[PDB]
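Engineer: Pasting a structure here, questions to come.
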Amino acid sequence: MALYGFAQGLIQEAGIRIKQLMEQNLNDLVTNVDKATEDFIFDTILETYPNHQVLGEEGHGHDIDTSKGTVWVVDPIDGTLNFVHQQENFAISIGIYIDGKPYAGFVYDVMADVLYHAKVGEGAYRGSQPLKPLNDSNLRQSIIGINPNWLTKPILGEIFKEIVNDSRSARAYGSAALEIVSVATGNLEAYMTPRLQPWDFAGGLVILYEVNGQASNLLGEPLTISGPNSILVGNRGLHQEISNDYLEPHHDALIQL
Amino acid sequence: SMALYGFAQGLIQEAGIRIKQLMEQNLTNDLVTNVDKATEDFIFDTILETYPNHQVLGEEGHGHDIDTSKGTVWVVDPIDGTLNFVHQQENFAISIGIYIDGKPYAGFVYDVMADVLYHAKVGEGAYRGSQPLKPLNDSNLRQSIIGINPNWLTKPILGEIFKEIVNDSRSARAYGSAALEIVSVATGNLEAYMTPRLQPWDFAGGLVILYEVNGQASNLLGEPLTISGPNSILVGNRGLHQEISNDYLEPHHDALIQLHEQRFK
Amino acid sequence: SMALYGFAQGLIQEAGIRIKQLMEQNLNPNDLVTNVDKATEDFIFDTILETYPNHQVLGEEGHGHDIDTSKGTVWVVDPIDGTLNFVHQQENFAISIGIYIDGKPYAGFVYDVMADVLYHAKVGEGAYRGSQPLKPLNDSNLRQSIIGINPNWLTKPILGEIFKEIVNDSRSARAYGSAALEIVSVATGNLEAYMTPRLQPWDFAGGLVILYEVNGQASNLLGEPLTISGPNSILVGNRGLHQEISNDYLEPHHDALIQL
Amino acid sequence: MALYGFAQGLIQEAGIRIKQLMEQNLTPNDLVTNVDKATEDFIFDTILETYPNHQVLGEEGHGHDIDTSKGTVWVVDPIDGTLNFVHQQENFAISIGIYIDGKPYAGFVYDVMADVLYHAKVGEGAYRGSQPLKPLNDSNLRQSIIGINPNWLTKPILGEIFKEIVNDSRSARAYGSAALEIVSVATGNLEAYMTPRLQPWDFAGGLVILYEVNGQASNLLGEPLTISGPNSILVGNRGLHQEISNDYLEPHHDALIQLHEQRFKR
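These protein sequence lines are chains D, C, B and A, in that order.
Read left to right, the first sequence gives residues 1 to 26, 35 to 265 (the authors' numbering).
Read left to right, the second sequence gives residues 0 to 27, 35 to 271 (the authors' numbering).
Read left to right, the third sequence gives residues 0 to 26, 33 to 265 (the authors' numbering).
Read left to right, the fourth sequence gives residues 1 to 27, 34 to 272 (the authors' numbering).
Shown next as structure tokens:
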């Protein structure tokens, strides 16, 4: 219980620190702020909990057997390009796991000052408001998040062609944690990418699970924090439609990758 | 001088509250149809009253066959981004452009849920609320972020042209309200935005805002946008605009013209 | 029907941008405010008159001092309510506009120029802070109420004694230097009441409509209705404490008060 | 400068916790009460956890009995403006002043709902967010706007003294957060501010800021304000501070001494 309180406090403080850094005005910046903020999160975690492991975008973590003890998986800036170009629409993602099992997840939209957070088996929240469980949708009646940049790619362009076609429309926001959360809130019916690192899904994942969401990789396998993977989330009915209807006919090509 | 601009400004704002009343009421997707219709009727009726001499070109079936070149013309989309409205209950905008004698005069795009109004008058600056907007600077495609629905890279002939540009861009986004995507360029939030098909009521408001920040608009053939009919759209900071149109679009002028004639009539 | 309401809303926002434009271009503090005030009224007045040449304008700066205010559409405007604030703080001042049709309230607007916040309502249609509806007021006891009243009124012959009780008794007091915003403070629930012995139509006309929409109550200090006929005293609050201040704090000074 | 940033970060984090607690309640003088306790406890615990040899003097009872001239002392008010918090849900401020060996060092007051942080380190100027504040110019009382709660004008003897100066001034305002009001003097929004009673937690932050833009502060008897006790307050730009003190207050020295003793002895 104190763990959760400590982490929320941390992520908020991480927030203040990023906004402080964005002056500055009084591309090198993004990577500095990324390094500075991860050092801060990693340093604060060890200062109260030196038995915990931090798996970080900035090169903290390191073969960490992610199955043992308490593990923080953090991206102080999920949405690097948004940050450089829009100065907004990025998030700190933190997911906390214990004994290889998810415990809490936070994704915090720094500039909008919205924190999405969830504890396992206790519901998902936008600030103080509960998120409602997702309902099944039909793909044709569904909005999917997917970056236009993935359709340009050699193979893969072909494998996503159908799913973009039948879906109702498509969006792309450029921060994987927030898109994952967007599904949790029902603002997208599905989101997918061929490659994501665990620090960009660990937070989002736990939140989605609380609203009855559904996570896999493009081949239907479970997602774990042991490595990068492809992404297909969520909403039972429609995850089931995308995978195996549009996806298992490309089972072969996916596996080269 | 400012009377009409002032009037449009307050009208769109009121239209915003009413849309939110209608959403708030619903609990007490036929909803989107009804709210679209109710919003346009409100907007239409209110113009009719102060300005019986104007014409309304509307998304919802007002002004179907009118001559946009004659007199003053409000070109309105009560809900630009219907899909976002149904699914996300946000990220949609009332869009209004006003033209006189065929030429741009004033634009408004109102992000209803943010309560944020972007607006401009020709020659007079663009605005976010009452904050002036600030002119754009050139960006290179290679260091640019561009709005373009994924769907379009899926189409015959068009899809291939679009992915040279996507390939080459720094990355791509898509938000689902043309009018907001245009403002995003107006804003520096996006460096360019493209689509092969948009209606006048969807670029008319945003276009005036974009031009006031020294931005640039054209169809995919590089021809000026007018309200006389639907079109393709390229908007961006100047050149970047030049770059897309000139290295990526122009070498397919003939194919794109074919596409343009196959689409419009 | 919202046509005129819309026109007013846009106009007040536009008048606001012009105010800030005049302020930013100082590339004398009393001269600035006097210029801005004139130019600003002129600007509202011109714009009303070219869509509505039959409407009348009652302005702080001297438009319509000759008029019957109870005939047709009458706009009652103060381009800078809070002039001292404008000079001394460059903020906390409002454009106030109230519209009347045939002597009855129609729409009110107060626009806090520097905060970019516009309070507005049309009779029967609710009050709003931007796009946000204001909640209806609840009654409060005076002992638990914060009231707005300038300290200056306490220093004055006859006046000091008549307000003494009301300030001793209420929970605490505030003063902001703009009657139109203070009336809006009562409508938003930031103050429970506000009072002043003297004020012009252009300063309460906007606020009054906003406040009437949240079910507040306005009179002069003698409990008489408030018109745009001319200057009057003001007491505004939620119903209950307006009833409390009027009845057992203000009526015992009925005599007196009546000057003038 | 590490202690300065630490304090800057902490005060802001404190604001997040207050807003968070406010937001929850939308799902009760008891609100202000719990929030006051919670925020001070957060502030206090965070200070001691990094600097255990420091001391905290606090509105909520931390450090009752403290030699404020010894070592590093934080003087904090989590909600300056409890009435405004209860009634307006805004116009309140966290106030932190930091002193080392009884000398001022740093002052923070943070308008939580406006997200505007007023700060100053000693000898480094005052700031509203990241904009520097200009030194104050002298003004006459006649061309001045002073801050003063209407309630003081009705107090036996004090009323008559204050009436003289309100009457004479251009006009009066009253905002109901002394910390914010002191800062209003620092930004030139009010030429002057006065009140017969304040606690150190409410002026300690303000004073540093005021001091950086050249204002001066004293109590109603012209004595200097320290953090060792509550006091009455007069702050303003130099000129009219001298004018109000020497012309309107001073001729009632004896009356004011009596009031001061009645209120603050022993």
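Where is the CB? At the ideal position from N, CA and C, for every residue including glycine.
Taking the beta strand (DSSP E) that residue 206 (chain A) belongs to, which residues open and close that run?
Structural biologist: Unbroken run through residue 206 (chain A) is the alpha helix (DSSP H), 206-218; no beta strand (DSSP E).
Engineer: Terminal residues of the continuous alpha helix (DSSP H) containing residue 259 (chain C)?
Structural biologist: Per DSSP, residue 259 (chain C) belongs to the alpha helix (DSSP H) from 259-269.
Engineer: Taking Cβ-Cβ distances shorter than 7 Å, what residues in chain A pair up with residue 182 (chain B)?
Structural biologist: Going along chain A in sequence order, the residues near residue 182 (chain B) (Cβ under 7 Å) are 177 and 179.
Engineer: Name the residue from D:92, D:221 and D:237 whose alpha carbon lies nearest to the alpha carbon of residue 265 (chain D).
Structural biologist: Comparing Cα positions, the closest option is D:237.
Engineer: Counting along the chain, where does the alpha helix (DSSP H) carrying residue 116 (chain A) start and finish?
Structural biologist: Residue 116 (chain A) -> not in any alpha helix (DSSP H); beta strand (DSSP E) instead, spanning 109-117.
Engineer: In chain order, what residues of the stretch 91-106 of chain B put their CB closer than 7 Å to some CB of chain A?
Structural biologist: Going along the stretch 91-106 of chain B in chain order, one finds 93 and 94 with a Cβ nearer than 7 Å to chain A.
Engineer: What's the call for residue 269 (chain C), buried or exposed, on a 16-neighbour Cβ count within 10 Å?
Structural biologist: So residue 269 (chain C) counts as exposed.
Engineer: Out of B:260, B:232, B:122 and B:224, which one is the CA nearest neighbour of residue 27 (chain B)?
Structural biologist: Coordinates for residue 27 (chain B) are simply not present: the residues of chain B run from 26 and resume at 33.
Engineer: If you count every other CB in all the chains shown that lies within 10 Å of the CB of residue 148 (chain D), and 16 or more means buried, which is it?
Structural biologist: Counting Cβ neighbours within 10 Å, residue 148 (chain D) comes out exposed, since fewer than 16 surround it.
Engineer: Suppose the cutoff is 6 Å on Cβ atoms and the five residues either side in sequence are ignored; what does the same chain contact list for residue 72 (chain D) look like?
Structural biologist: These residues qualify, in order along the chain: 61 and 63.
Engineer: Quick test of the definition: if touching needs 3 or more C-beta pairs under 8 Å, does the stretch 208-225 of chain B touch the stretch 164-180 of chain B?
Structural biologist: Because the criterion of three Cβ pairs below 8 Å is not met, the stretch 208-225 of chain B and the stretch 164-180 of chain B do not touch.
Engineer: Pick from A:106, A:197, A:219 and A:37: whose alpha carbon is nearest that of residue 3 (chain A)?
Structural biologist: Residue A:106 is the option with its Cα nearest to residue 3 (chain A).
Engineer: By DSSP, does residue 171 (chain D) sit in helix, in strand, or in coil?
Structural biologist: In the structure shown, residue 171 (chain D) sits in a helix (DSSP, three-state: H, G or I).
Engineer: Output the boundary residues of the beta strand (DSSP E) element that contains residue 248 (chain B).
Structural biologist: Note, residue 248 (chain B): premise wrong, no beta strand (DSSP E); alpha helix (DSSP H) at 244-249.
Engineer: Between which two residues does the beta strand (DSSP E) harbouring residue 86 (chain A) extend?
Structural biologist: Per DSSP, residue 86 (chain A) belongs to the beta strand (DSSP E) from 78-86.
Engineer: What are the start and end residues of each continuous beta strand (DSSP E) run of 3 or more residues lying completely inside the stretch 46-73 of chain D, in chain order?
Structural biologist: Counting whole runs of 3 or more residues, the stretch 46-73 of chain D contains the beta strand (DSSP E) stretches 61-64.
Engineer: Between C:112, C:142, C:136 and C:86, which has its C-alpha nearest residue 118 (chain C)'s C-alpha?
Structural biologist: Ranking C:112, C:142, C:136 and C:86 by Cα distance to residue 118 (chain C) puts C:86 first.
Engineer: Shorter than 8 Å from the beta carbon of residue 24 (chain C) to some beta carbon of chain B?
Structural biologist: No, because no Cβ of chain B sits closer than 8 Å to the Cβ of residue 24 (chain C).
Engineer: Going by DSSP, what residue range makes up the beta strand (DSSP E) through residue 127 (chain C)?
Structural biologist: 122-127 is the span of the beta strand (DSSP E), which, as asked, contains residue 127 (chain C).
Engineer: Any beta carbon from chain D within less than 8 Å of residue 79 (chain C)'s own beta carbon?
Structural biologist: By this cut-off, residue 79 (chain C) is not an interface position.
Engineer: Secondary structure at residue 97 (chain B), three-state DSSP: helix, strand or coil?
Structural biologist: Residue 97 (chain B): coil per DSSP, three-state reduction.
Engineer: Beta carbons nearer than 7 Å to chain D: which residues of the stretch 156-174 of chain C have them?
Structural biologist: For the stretch 156-174 of chain C, which is checked against every Cβ of chain D, the residues closer than 7 Å are 156, 157, 159, 160, 169, 172 and 173.
Engineer: Hey, out of D:1, D:35, D:51 and D:37, whose CA is closest to residue 14 (chain D)'s CA?
Structural biologist: It is D:51.
Engineer: Can you give me the start and stop residues for the alpha helix (DSSP H) that residue 148 (chain B) sits inside?
Structural biologist: First-last for residue 148 (chain B): undefined, no H or E at that position.
Engineer: So that I know if they touch, is there some Cβ in chain D lying closer than 8 Å to that of residue 61 (chain A)?
Structural biologist: Chain D contact via Cβ: absent.
Engineer: Is it the case that the Cβ atoms of residue 167 (chain D) and residue 262 (chain D) are separated by a distance below 8 Å?
Structural biologist: Yes, Cβ-Cβ distance for residue 167 (chain D) and residue 262 (chain D) is below 8 Å.
Engineer: Secondary structure at residue 237 (chain B), three-state DSSP: helix, strand or coil?
Structural biologist: Three-state result, residue 237 (chain B): strand.
Engineer: Within its chain, find whatever has a CB closer than 8 Å to the CB of residue 204 (chain A); leave out the 5 residues flanking it on each side and keep chain order.
Structural biologist: Here the set comprises 184, 236, 237, 238 and 239.
Engineer: At a cut of 8 Å, does the stretch 212-219 of chain B reach the stretch 111-129 of chain B through at least three beta carbon pairs?
Structural biologist: Touching, per the Cβ criterion.
Engineer: Give me the Cα-Cα distance between residue 186 (chain D) and residue 170 (chain D), rounded to the nearest whole angstrom.
Structural biologist: Computed Cα separation, rounded: 25 Å.
Engineer: Is the Cβ of residue 89 (chain B) closer than 8 Å to any Cβ of chain A?
Structural biologist: For residue 89 (chain B), the answer is yes, since a Cβ of chain A falls inside 8 Å of its Cβ.
Engineer: Residues of chain D with CB closer than 7 Å to the CB of residue 154 (chain C), please, in chain order.
Structural biologist: Within 7 Å Cβ-Cβ: 156.
Engineer: In this structure, does DSSP put residue 138 (chain C) in helix, strand or coil?
Structural biologist: Here residue 138 (chain C) sits in strand by DSSP.
Engineer: DSSP state of residue 162 (chain C), grouped into three classes?
Structural biologist: Reduced to three states, the DSSP call for residue 162 (chain C) is coil.
Engineer: Along the chain, where does the alpha helix (DSSP H) containing residue 190 (chain D) start, and where does it finish?
Structural biologist: Taken as a continuous stretch (DSSP letters only), the alpha helix (DSSP H) holding residue 190 (chain D) covers 184-193.
Engineer: If you run the structure through DSSP and keep just helix, strand and coil, what is residue 24 (chain B)?
Structural biologist: In this structure, residue 24 (chain B) counts as coil in the three-state DSSP scheme.
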